[PDB]
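Participant: Would you mind keeping the following structure in view while I ask a few things?
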Protein chains: 2
Amino acid sequence: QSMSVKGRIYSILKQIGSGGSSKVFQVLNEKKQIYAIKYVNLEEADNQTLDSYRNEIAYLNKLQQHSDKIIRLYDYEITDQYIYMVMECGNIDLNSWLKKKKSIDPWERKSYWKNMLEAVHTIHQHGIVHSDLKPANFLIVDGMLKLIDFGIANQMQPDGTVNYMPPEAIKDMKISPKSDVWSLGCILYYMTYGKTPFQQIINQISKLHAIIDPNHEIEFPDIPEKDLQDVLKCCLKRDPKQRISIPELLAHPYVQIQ
Amino acid sequence: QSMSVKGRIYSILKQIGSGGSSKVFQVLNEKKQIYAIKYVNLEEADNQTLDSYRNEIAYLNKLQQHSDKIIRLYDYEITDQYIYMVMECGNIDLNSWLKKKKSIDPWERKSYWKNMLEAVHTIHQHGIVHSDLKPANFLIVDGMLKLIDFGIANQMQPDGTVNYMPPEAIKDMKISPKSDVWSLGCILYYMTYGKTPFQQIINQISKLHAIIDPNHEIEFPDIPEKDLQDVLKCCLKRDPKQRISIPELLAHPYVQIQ
Ligand SMILES: COc1cc(-c2cnn(C)c2)ccc1Nc1ncc2ccnc(NCC(C)(C)C)c2n1
Ligand SMILES: COc1cc(-c2cnn(C)c2)ccc1Nc1ncc2ccnc(NCC(C)(C)C)c2n1
């Protein structure tokens, strides 16, 4: 199999991920340089849906220059039937990496945390709040985490959880940059304790109650990294006004002191 | 490997499912009759947690005589460290069966629906509302669906979604027998259209908004079974007061007329 994007021919090596509409292929250029091509079938999309994709592509293009923690978009082809996005290819996504890895090095966890903060901070500056952050939104590209999507459009699975949901999103049934801080906090909590804060709960109705319940208390077992434990407690504050911000997290001893 | 339950020896053939605390083994008696042994490790459980398991076992024992649509519990062993439940062994659970099967026969769907209603109605009579219904709570035992658990205690996965959640569970952040009707309605909607009502949505915050949104409208594409389409529309009414009940669903032409 093969495909054409803006005149250039790419030969499909394999399919990386499956999406209801979207597909991601590991491809090779004539030069034989590797790339990831995201394909979106638009043949059943509405105007509102089309706009989200258009918005997401527009922000992806614009944010290229702003940070290197955002996945490289090299080119794209947009018609009425489909969208082709030529992106850099990563080694693996963070969710698949975390499932394969039992124990994670403290310097690896700190390096990944810093990258996540830089990527999320960049989007916040441009008025974008992801609101759907989870490990699957991060790509490992040569020991560096890069943010794959902005939450403006749809998501996929390789070839859905409420574990990273902030309390204010549930209580409002409101969402601000602080919502992204809670979700990042759950990703760091997982990379630290091997599990999300409310991962143990089975009943989904009960899990949602716990997240918004002031009385329910998250457990922060004592660890050698005292700075890391403080970050977790700061990110996982139920009141978004009292929750730590990203510019503050970037000035924290956990990120700054080695 | 082998295990002892109430004096009787069972040899483990294989592990069927994995739970954080619970485990399910396909075992053989000395007679060489097959059984499923559920093992629960209690070594880290609290009093409240212990009570739920005790309650769930007590209802499982009591409901044996009331319906054959509830999984057979033959024996059990309860100590301070663990719980062993000797149950009948099924062919496969409904979730695994639905993933393997692309198209389902209309008589198979109707037969399974009837069994589900009988099992859920039996629990409702004894004042139990499951509140966590999904295909994984149903076991296929010789062309008959049997309800595995009562939602009083924890759940497992073979060796978590918000897709079956009723609107009243979200709006109250209330739960009555009508909540179970919505979840059964989502299972039937899946067995009919091949997908849950809000399955397409990716953003979990957005999916929750849609479920409780009166304006959002579920799509009921025209099918040859007119009675089936009416049941779906009746089960998936957002107001629980206007939502159809189980005793009514048992009198519906879809269940009664062939
Ligand atoms: C060889 O490459 C890869 C391998 C794996 C991998 C290895 N094992 N498993 C289980 C998965 C994952 C990702 C990649 N690479 C890659 N590069 C660019 C992308 C751009 C957009 N979306 C992507 N993935 C969407 C997903 C998977 C997160 C839902 C991308 N994935
Ligand atoms: C051979 O037997 C089986 C095979 C499979 C099967 C086949 N393929 N896959 C993917 C799965 C599933 C279930 C059974 N049988 C069985 N019998 C009694 C049970 C009592 C309690 N919980 C059970 N399962 C818990 C679960 C899996 C729903 C989380 C029981 N499962």
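We name chains A, B, ... following the order of the structure tokens; residues begin at 1 in each chain, and ligands are numbered from 1 as shown.
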Within 7 Å of ligand 2, which residues show up when you count only C-alpha atoms and all ligand atoms? List them as a PyMOL selection string, please.
Facilitator: chain B and resi 16-17+24+26+36+38+87-93+96+136-137+139+148+155-159
Participant: I'm after chain B in the frame of chain A: fit it by least squares over all Cα atoms matched in order, and give me the output as a PDB file with C-alpha atoms, in the first residue's frame.
Facilitator:
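Output (result28.pdb):
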```
ATOM      1  CA  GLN B   1       0.000   0.000   0.000  1.00  0.00           C
ATOM      2  CA  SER B   2       0.988   3.664  -0.675  1.00  0.00           C
ATOM      3  CA  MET B   3      -0.389   7.253  -0.367  1.00  0.00           C
ATOM      4  CA  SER B   4       0.115  10.775  -1.797  1.00  0.00           C
ATOM      5  CA  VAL B   5       0.259  13.960   0.290  1.00  0.00           C
ATOM      6  CA  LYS B   6       0.929  17.366  -1.394  1.00  0.00           C
ATOM      7  CA  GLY B   7       2.561  15.638  -4.387  1.00  0.00           C
ATOM      8  CA  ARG B   8       4.954  13.531  -2.258  1.00  0.00           C
ATOM      9  CA  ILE B   9       4.597   9.709  -2.257  1.00  0.00           C
ATOM     10  CA  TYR B  10       4.728   7.732   1.018  1.00  0.00           C
ATOM     11  CA  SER B  11       4.758   3.965   1.305  1.00  0.00           C
ATOM     12  CA  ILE B  12       2.840   2.568   4.331  1.00  0.00           C
ATOM     13  CA  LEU B  13       5.054   0.357   6.566  1.00  0.00           C
ATOM     14  CA  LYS B  14       2.301  -0.425   9.145  1.00  0.00           C
ATOM     15  CA  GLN B  15      -0.775   0.893  10.960  1.00  0.00           C
ATOM     16  CA  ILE B  16       0.022   2.262  14.429  1.00  0.00           C
ATOM     17  CA  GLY B  17      -3.415   3.177  15.728  1.00  0.00           C
ATOM     18  CA  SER B  18      -7.110   2.770  15.063  1.00  0.00           C
ATOM     19  CA  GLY B  19      -9.720   5.492  15.436  1.00  0.00           C
ATOM     20  CA  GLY B  20     -13.401   5.478  14.596  1.00  0.00           C
ATOM     21  CA  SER B  21     -12.679   8.046  11.907  1.00  0.00           C
ATOM     22  CA  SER B  22      -8.913   8.542  12.240  1.00  0.00           C
ATOM     23  CA  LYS B  23      -6.041   6.180  11.396  1.00  0.00           C
ATOM     24  CA  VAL B  24      -2.279   6.555  12.011  1.00  0.00           C
ATOM     25  CA  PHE B  25       0.278   4.952   9.651  1.00  0.00           C
ATOM     26  CA  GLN B  26       4.037   4.544  10.019  1.00  0.00           C
ATOM     27  CA  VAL B  27       5.271   5.566   6.522  1.00  0.00           C
ATOM     28  CA  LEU B  28       8.499   6.054   4.567  1.00  0.00           C
ATOM     29  CA  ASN B  29       9.426   8.870   2.181  1.00  0.00           C
ATOM     30  CA  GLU B  30      11.181   8.372  -1.161  1.00  0.00           C
ATOM     31  CA  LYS B  31      14.245   9.578   0.724  1.00  0.00           C
ATOM     32  CA  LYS B  32      13.302   6.733   3.102  1.00  0.00           C
ATOM     33  CA  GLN B  33      12.870   9.049   6.087  1.00  0.00           C
ATOM     34  CA  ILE B  34      10.212   7.872   8.559  1.00  0.00           C
ATOM     35  CA  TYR B  35       6.967   9.737   9.292  1.00  0.00           C
ATOM     36  CA  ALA B  36       3.553   9.172  10.847  1.00  0.00           C
ATOM     37  CA  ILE B  37       0.576   9.940   8.611  1.00  0.00           C
ATOM     38  CA  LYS B  38      -2.719  10.607  10.346  1.00  0.00           C
ATOM     39  CA  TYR B  39      -5.712   9.969   8.073  1.00  0.00           C
ATOM     40  CA  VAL B  40      -9.201  11.326   8.977  1.00  0.00           C
ATOM     41  CA  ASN B  41     -12.221  10.185   6.908  1.00  0.00           C
ATOM     42  CA  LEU B  42     -14.600  13.225   6.673  1.00  0.00           C
ATOM     43  CA  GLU B  43     -17.324  11.566   4.489  1.00  0.00           C
ATOM     44  CA  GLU B  44     -19.771  11.441   7.505  1.00  0.00           C
ATOM     45  CA  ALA B  45     -18.692  14.669   9.415  1.00  0.00           C
ATOM     46  CA  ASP B  46     -20.972  17.689  10.214  1.00  0.00           C
ATOM     47  CA  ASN B  47     -20.000  21.374   9.983  1.00  0.00           C
ATOM     48  CA  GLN B  48     -19.336  21.631  13.710  1.00  0.00           C
ATOM     49  CA  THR B  49     -17.190  18.503  13.562  1.00  0.00           C
ATOM     50  CA  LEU B  50     -15.296  19.812  10.541  1.00  0.00           C
ATOM     51  CA  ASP B  51     -14.563  23.070  12.326  1.00  0.00           C
ATOM     52  CA  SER B  52     -13.020  21.305  15.307  1.00  0.00           C
ATOM     53  CA  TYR B  53     -10.609  19.465  13.021  1.00  0.00           C
ATOM     54  CA  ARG B  54      -9.850  22.697  11.176  1.00  0.00           C
ATOM     55  CA  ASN B  55      -9.234  24.446  14.486  1.00  0.00           C
ATOM     56  CA  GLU B  56      -7.040  21.650  15.825  1.00  0.00           C
ATOM     57  CA  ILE B  57      -4.888  21.679  12.570  1.00  0.00           C
ATOM     58  CA  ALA B  58      -4.645  25.506  12.674  1.00  0.00           C
ATOM     59  CA  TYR B  59      -3.352  25.403  16.340  1.00  0.00           C
ATOM     60  CA  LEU B  60      -0.991  22.485  15.567  1.00  0.00           C
ATOM     61  CA  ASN B  61       0.538  24.565  12.671  1.00  0.00           C
ATOM     62  CA  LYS B  62       0.729  27.785  14.747  1.00  0.00           C
ATOM     63  CA  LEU B  63       2.247  26.116  17.867  1.00  0.00           C
ATOM     64  CA  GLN B  64       5.082  24.478  15.837  1.00  0.00           C
ATOM     65  CA  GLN B  65       7.324  27.594  16.344  1.00  0.00           C
ATOM     66  CA  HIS B  66       6.344  28.069  19.970  1.00  0.00           C
ATOM     67  CA  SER B  67       7.591  24.783  21.437  1.00  0.00           C
ATOM     68  CA  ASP B  68       9.495  21.630  20.506  1.00  0.00           C
ATOM     69  CA  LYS B  69       7.420  19.679  23.031  1.00  0.00           C
ATOM     70  CA  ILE B  70       4.589  19.669  20.518  1.00  0.00           C
ATOM     71  CA  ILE B  71       4.662  17.041  17.774  1.00  0.00           C
ATOM     72  CA  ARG B  72       6.134  18.166  14.454  1.00  0.00           C
ATOM     73  CA  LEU B  73       3.570  18.692  11.678  1.00  0.00           C
ATOM     74  CA  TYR B  74       5.499  18.744   8.370  1.00  0.00           C
ATOM     75  CA  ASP B  75       2.647  18.984   5.872  1.00  0.00           C
ATOM     76  CA  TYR B  76      -1.054  18.245   5.420  1.00  0.00           C
ATOM     77  CA  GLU B  77      -3.698  17.741   2.712  1.00  0.00           C
ATOM     78  CA  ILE B  78      -7.345  18.749   3.370  1.00  0.00           C
ATOM     79  CA  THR B  79     -10.271  18.007   0.992  1.00  0.00           C
ATOM     80  CA  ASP B  80     -14.039  17.446   1.533  1.00  0.00           C
ATOM     81  CA  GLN B  81     -13.449  13.635   1.868  1.00  0.00           C
ATOM     82  CA  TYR B  82     -10.289  13.367   3.988  1.00  0.00           C
ATOM     83  CA  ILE B  83      -7.423  14.876   5.924  1.00  0.00           C
ATOM     84  CA  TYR B  84      -3.811  13.731   5.720  1.00  0.00           C
ATOM     85  CA  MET B  85      -1.295  14.975   8.262  1.00  0.00           C
ATOM     86  CA  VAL B  86       2.424  14.248   7.795  1.00  0.00           C
ATOM     87  CA  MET B  87       3.928  14.222  11.325  1.00  0.00           C
ATOM     88  CA  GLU B  88       7.134  13.034  12.904  1.00  0.00           C
ATOM     89  CA  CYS B  89       7.031   9.436  14.057  1.00  0.00           C
ATOM     90  CA  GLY B  90       7.616   8.600  17.706  1.00  0.00           C
ATOM     91  CA  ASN B  91       8.921   5.412  19.331  1.00  0.00           C
ATOM     92  CA  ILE B  92       5.732   4.737  21.325  1.00  0.00           C
ATOM     93  CA  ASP B  93       2.936   6.654  23.137  1.00  0.00           C
ATOM     94  CA  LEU B  94       3.216   7.226  26.945  1.00  0.00           C
ATOM     95  CA  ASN B  95       0.201   4.971  27.794  1.00  0.00           C
ATOM     96  CA  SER B  96       1.674   1.890  26.010  1.00  0.00           C
ATOM     97  CA  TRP B  97       5.100   2.649  27.534  1.00  0.00           C
ATOM     98  CA  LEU B  98       3.656   2.863  31.111  1.00  0.00           C
ATOM     99  CA  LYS B  99       1.793  -0.501  30.706  1.00  0.00           C
ATOM    100  CA  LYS B 100       5.033  -2.231  29.460  1.00  0.00           C
ATOM    101  CA  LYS B 101       7.205  -0.633  32.217  1.00  0.00           C
ATOM    102  CA  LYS B 102       6.785  -1.897  35.829  1.00  0.00           C
ATOM    103  CA  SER B 103       9.251   0.514  37.487  1.00  0.00           C
ATOM    104  CA  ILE B 104      10.265   3.927  36.160  1.00  0.00           C
ATOM    105  CA  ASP B 105      13.519   5.745  36.932  1.00  0.00           C
ATOM    106  CA  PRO B 106      13.178   8.934  39.030  1.00  0.00           C
ATOM    107  CA  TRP B 107      15.155  11.033  36.460  1.00  0.00           C
ATOM    108  CA  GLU B 108      13.000   9.627  33.615  1.00  0.00           C
ATOM    109  CA  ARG B 109       9.803  10.588  35.565  1.00  0.00           C
ATOM    110  CA  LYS B 110      11.212  14.118  36.260  1.00  0.00           C
ATOM    111  CA  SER B 111      12.305  14.633  32.616  1.00  0.00           C
ATOM    112  CA  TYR B 112       8.899  13.477  31.316  1.00  0.00           C
ATOM    113  CA  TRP B 113       7.063  15.700  33.856  1.00  0.00           C
ATOM    114  CA  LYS B 114       9.057  18.789  32.710  1.00  0.00           C
ATOM    115  CA  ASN B 115       8.257  18.089  29.061  1.00  0.00           C
ATOM    116  CA  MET B 116       4.578  17.666  29.848  1.00  0.00           C
ATOM    117  CA  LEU B 117       4.481  20.983  31.681  1.00  0.00           C
ATOM    118  CA  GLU B 118       6.197  22.847  28.833  1.00  0.00           C
ATOM    119  CA  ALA B 119       3.791  21.440  26.203  1.00  0.00           C
ATOM    120  CA  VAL B 120       0.608  22.124  28.284  1.00  0.00           C
ATOM    121  CA  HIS B 121       1.861  25.592  29.257  1.00  0.00           C
ATOM    122  CA  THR B 122       2.400  26.492  25.559  1.00  0.00           C
ATOM    123  CA  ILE B 123      -1.229  25.606  24.703  1.00  0.00           C
ATOM    124  CA  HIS B 124      -2.560  27.506  27.724  1.00  0.00           C
ATOM    125  CA  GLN B 125      -0.791  30.634  26.562  1.00  0.00           C
ATOM    126  CA  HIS B 126      -2.773  30.513  23.313  1.00  0.00           C
ATOM    127  CA  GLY B 127      -6.040  30.149  25.258  1.00  0.00           C
ATOM    128  CA  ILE B 128      -6.402  26.405  24.759  1.00  0.00           C
ATOM    129  CA  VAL B 129      -7.432  24.065  27.565  1.00  0.00           C
ATOM    130  CA  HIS B 130      -7.092  20.415  26.605  1.00  0.00           C
ATOM    131  CA  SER B 131      -9.527  19.039  29.203  1.00  0.00           C
ATOM    132  CA  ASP B 132      -8.978  15.416  28.154  1.00  0.00           C
ATOM    133  CA  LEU B 133      -5.394  14.803  29.203  1.00  0.00           C
ATOM    134  CA  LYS B 134      -4.215  11.241  29.718  1.00  0.00           C
ATOM    135  CA  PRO B 135      -0.852   9.394  28.964  1.00  0.00           C
ATOM    136  CA  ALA B 136      -2.115   8.543  25.393  1.00  0.00           C
ATOM    137  CA  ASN B 137      -1.876  12.319  24.452  1.00  0.00           C
ATOM    138  CA  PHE B 138       1.935  12.147  24.847  1.00  0.00           C
ATOM    139  CA  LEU B 139       4.418  10.677  22.404  1.00  0.00           C
ATOM    140  CA  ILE B 140       7.981   9.531  23.281  1.00  0.00           C
ATOM    141  CA  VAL B 141      10.273  10.901  20.514  1.00  0.00           C
ATOM    142  CA  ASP B 142      13.950  10.138  21.344  1.00  0.00           C
ATOM    143  CA  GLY B 143      13.680  10.392  25.170  1.00  0.00           C
ATOM    144  CA  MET B 144      11.443  13.476  24.886  1.00  0.00           C
ATOM    145  CA  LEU B 145       7.692  13.687  25.513  1.00  0.00           C
ATOM    146  CA  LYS B 146       5.721  15.621  22.862  1.00  0.00           C
ATOM    147  CA  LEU B 147       2.014  16.451  23.056  1.00  0.00           C
ATOM    148  CA  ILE B 148       0.068  14.828  20.206  1.00  0.00           C
ATOM    149  CA  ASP B 149      -3.335  16.594  20.304  1.00  0.00           C
ATOM    150  CA  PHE B 150      -5.084  19.639  21.801  1.00  0.00           C
ATOM    151  CA  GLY B 151      -8.489  18.205  22.799  1.00  0.00           C
ATOM    152  CA  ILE B 152     -10.128  20.526  20.142  1.00  0.00           C
ATOM    153  CA  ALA B 153     -10.972  17.364  18.008  1.00  0.00           C
ATOM    154  CA  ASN B 154     -11.345  13.479  18.526  1.00  0.00           C
ATOM    155  CA  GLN B 155      -8.870  10.770  19.904  1.00  0.00           C
ATOM    156  CA  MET B 156      -7.771   7.073  19.184  1.00  0.00           C
ATOM    157  CA  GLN B 157      -6.448   3.645  20.513  1.00  0.00           C
ATOM    158  CA  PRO B 158      -3.397   1.506  19.317  1.00  0.00           C
ATOM    159  CA  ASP B 159      -3.410  -1.672  17.112  1.00  0.00           C
ATOM    160  CA  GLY B 160     -12.283   5.406  27.551  1.00  0.00           C
ATOM    161  CA  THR B 161     -11.557   6.299  31.222  1.00  0.00           C
ATOM    162  CA  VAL B 162     -12.842   8.805  33.808  1.00  0.00           C
ATOM    163  CA  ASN B 163      -9.611   8.351  36.005  1.00  0.00           C
ATOM    164  CA  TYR B 164      -8.003  11.708  34.941  1.00  0.00           C
ATOM    165  CA  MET B 165     -11.241  13.796  35.198  1.00  0.00           C
ATOM    166  CA  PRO B 166     -11.011  16.911  37.463  1.00  0.00           C
ATOM    167  CA  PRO B 167     -13.678  17.462  40.181  1.00  0.00           C
ATOM    168  CA  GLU B 168     -14.879  20.829  38.706  1.00  0.00           C
ATOM    169  CA  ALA B 169     -15.836  19.036  35.398  1.00  0.00           C
ATOM    170  CA  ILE B 170     -18.220  16.733  37.382  1.00  0.00           C
ATOM    171  CA  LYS B 171     -19.480  19.436  39.871  1.00  0.00           C
ATOM    172  CA  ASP B 172     -20.604  21.492  36.796  1.00  0.00           C
ATOM    173  CA  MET B 173     -23.309  18.929  35.732  1.00  0.00           C
ATOM    174  CA  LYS B 174     -16.002  25.842  35.267  1.00  0.00           C
ATOM    175  CA  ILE B 175     -13.125  24.297  33.179  1.00  0.00           C
ATOM    176  CA  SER B 176      -9.957  26.493  33.267  1.00  0.00           C
ATOM    177  CA  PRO B 177      -6.156  25.811  32.819  1.00  0.00           C
ATOM    178  CA  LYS B 178      -6.319  24.373  36.428  1.00  0.00           C
ATOM    179  CA  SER B 179      -8.357  21.399  35.027  1.00  0.00           C
ATOM    180  CA  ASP B 180      -5.269  20.396  32.971  1.00  0.00           C
ATOM    181  CA  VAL B 181      -3.136  20.597  36.176  1.00  0.00           C
ATOM    182  CA  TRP B 182      -5.398  17.945  37.885  1.00  0.00           C
ATOM    183  CA  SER B 183      -5.059  15.544  34.864  1.00  0.00           C
ATOM    184  CA  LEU B 184      -1.244  16.061  34.698  1.00  0.00           C
ATOM    185  CA  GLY B 185      -1.253  15.405  38.480  1.00  0.00           C
ATOM    186  CA  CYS B 186      -3.012  12.028  37.882  1.00  0.00           C
ATOM    187  CA  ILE B 187      -0.364  11.117  35.190  1.00  0.00           C
ATOM    188  CA  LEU B 188       2.443  11.978  37.663  1.00  0.00           C
ATOM    189  CA  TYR B 189       0.599  10.097  40.492  1.00  0.00           C
ATOM    190  CA  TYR B 190       0.542   7.018  38.200  1.00  0.00           C
ATOM    191  CA  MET B 191       4.290   7.375  37.314  1.00  0.00           C
ATOM    192  CA  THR B 192       4.911   7.574  41.124  1.00  0.00           C
ATOM    193  CA  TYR B 193       2.591   5.063  42.829  1.00  0.00           C
ATOM    194  CA  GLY B 194       1.954   2.856  39.811  1.00  0.00           C
ATOM    195  CA  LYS B 195      -1.733   3.727  39.905  1.00  0.00           C
ATOM    196  CA  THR B 196      -4.102   6.660  39.440  1.00  0.00           C
ATOM    197  CA  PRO B 197      -5.669   8.198  42.561  1.00  0.00           C
ATOM    198  CA  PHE B 198      -9.132   6.663  42.092  1.00  0.00           C
ATOM    199  CA  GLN B 199      -8.022   3.694  39.991  1.00  0.00           C
ATOM    200  CA  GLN B 200      -8.960   1.157  42.659  1.00  0.00           C
ATOM    201  CA  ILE B 201     -12.685   1.964  42.592  1.00  0.00           C
ATOM    202  CA  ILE B 202     -14.740  -0.324  40.309  1.00  0.00           C
ATOM    203  CA  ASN B 203     -18.284   1.253  40.337  1.00  0.00           C
ATOM    204  CA  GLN B 204     -18.058   4.273  37.977  1.00  0.00           C
ATOM    205  CA  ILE B 205     -20.883   6.158  39.800  1.00  0.00           C
ATOM    206  CA  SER B 206     -18.939   5.614  43.092  1.00  0.00           C
ATOM    207  CA  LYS B 207     -15.592   6.727  41.421  1.00  0.00           C
ATOM    208  CA  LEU B 208     -17.206  10.017  40.292  1.00  0.00           C
ATOM    209  CA  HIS B 209     -18.558  10.614  43.786  1.00  0.00           C
ATOM    210  CA  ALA B 210     -15.098  10.097  45.266  1.00  0.00           C
ATOM    211  CA  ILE B 211     -13.425  12.594  42.940  1.00  0.00           C
ATOM    212  CA  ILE B 212     -15.800  15.386  43.935  1.00  0.00           C
ATOM    213  CA  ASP B 213     -15.974  14.291  47.567  1.00  0.00           C
ATOM    214  CA  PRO B 214     -14.056  16.542  49.953  1.00  0.00           C
ATOM    215  CA  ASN B 215     -14.273  13.883  52.667  1.00  0.00           C
ATOM    216  CA  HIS B 216     -12.687  11.207  50.514  1.00  0.00           C
ATOM    217  CA  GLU B 217      -8.952  11.643  50.966  1.00  0.00           C
ATOM    218  CA  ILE B 218      -6.272  10.755  48.449  1.00  0.00           C
ATOM    219  CA  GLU B 219      -3.397   8.755  49.895  1.00  0.00           C
ATOM    220  CA  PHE B 220       0.126  10.101  49.462  1.00  0.00           C
ATOM    221  CA  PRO B 221       2.459   7.328  50.808  1.00  0.00           C
ATOM    222  CA  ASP B 222       5.886   8.576  52.014  1.00  0.00           C
ATOM    223  CA  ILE B 223       8.583   8.380  49.281  1.00  0.00           C
ATOM    224  CA  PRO B 224      12.335   9.475  49.175  1.00  0.00           C
ATOM    225  CA  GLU B 225      11.466  12.363  46.813  1.00  0.00           C
ATOM    226  CA  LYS B 226       9.822  14.870  49.229  1.00  0.00           C
ATOM    227  CA  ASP B 227       9.503  17.511  46.420  1.00  0.00           C
ATOM    228  CA  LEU B 228       7.625  14.957  44.243  1.00  0.00           C
ATOM    229  CA  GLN B 229       5.084  14.218  47.047  1.00  0.00           C
ATOM    230  CA  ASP B 230       4.452  18.007  47.493  1.00  0.00           C
ATOM    231  CA  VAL B 231       3.832  18.473  43.690  1.00  0.00           C
ATOM    232  CA  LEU B 232       1.249  15.602  43.801  1.00  0.00           C
ATOM    233  CA  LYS B 233      -0.563  17.103  46.800  1.00  0.00           C
ATOM    234  CA  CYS B 234      -0.495  20.562  45.061  1.00  0.00           C
ATOM    235  CA  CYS B 235      -1.858  19.288  41.643  1.00  0.00           C
ATOM    236  CA  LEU B 236      -4.552  17.132  43.315  1.00  0.00           C
ATOM    237  CA  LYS B 237      -6.260  19.913  45.375  1.00  0.00           C
ATOM    238  CA  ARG B 238     -10.079  19.685  44.754  1.00  0.00           C
ATOM    239  CA  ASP B 239     -10.599  23.490  44.725  1.00  0.00           C
ATOM    240  CA  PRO B 240      -9.132  24.818  41.377  1.00  0.00           C
ATOM    241  CA  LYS B 241      -8.531  28.249  43.017  1.00  0.00           C
ATOM    242  CA  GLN B 242      -6.239  26.522  45.621  1.00  0.00           C
ATOM    243  CA  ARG B 243      -4.731  24.129  43.000  1.00  0.00           C
ATOM    244  CA  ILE B 244      -1.172  24.982  41.824  1.00  0.00           C
ATOM    245  CA  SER B 245      -0.719  26.591  38.370  1.00  0.00           C
ATOM    246  CA  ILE B 246       1.697  25.587  35.573  1.00  0.00           C
ATOM    247  CA  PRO B 247       3.948  28.681  35.853  1.00  0.00           C
ATOM    248  CA  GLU B 248       4.298  27.819  39.564  1.00  0.00           C
ATOM    249  CA  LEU B 249       4.923  24.119  38.793  1.00  0.00           C
ATOM    250  CA  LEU B 250       7.749  25.264  36.471  1.00  0.00           C
ATOM    251  CA  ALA B 251       9.343  27.130  39.433  1.00  0.00           C
ATOM    252  CA  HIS B 252       8.965  24.161  41.840  1.00  0.00           C
ATOM    253  CA  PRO B 253      12.072  22.548  43.417  1.00  0.00           C
ATOM    254  CA  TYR B 254      10.964  19.161  41.933  1.00  0.00           C
ATOM    255  CA  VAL B 255      11.461  20.545  38.350  1.00  0.00           C
ATOM    256  CA  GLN B 256      14.377  22.902  39.142  1.00  0.00           C
ATOM    257  CA  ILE B 257      16.565  21.174  41.708  1.00  0.00           C
ATOM    258  CA  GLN B 258      18.481  17.937  40.880  1.00  0.00           C
TER     259      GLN B 258
END
```
Participant: Could you pull out the strand (DSSP E) residues of stretch 38-254 of chain B from DSSP and send them as a PyMOL selection string?
Facilitator: chain B and resi 38-41+73-78+82-87+92-93+138-140+145-147+157-158
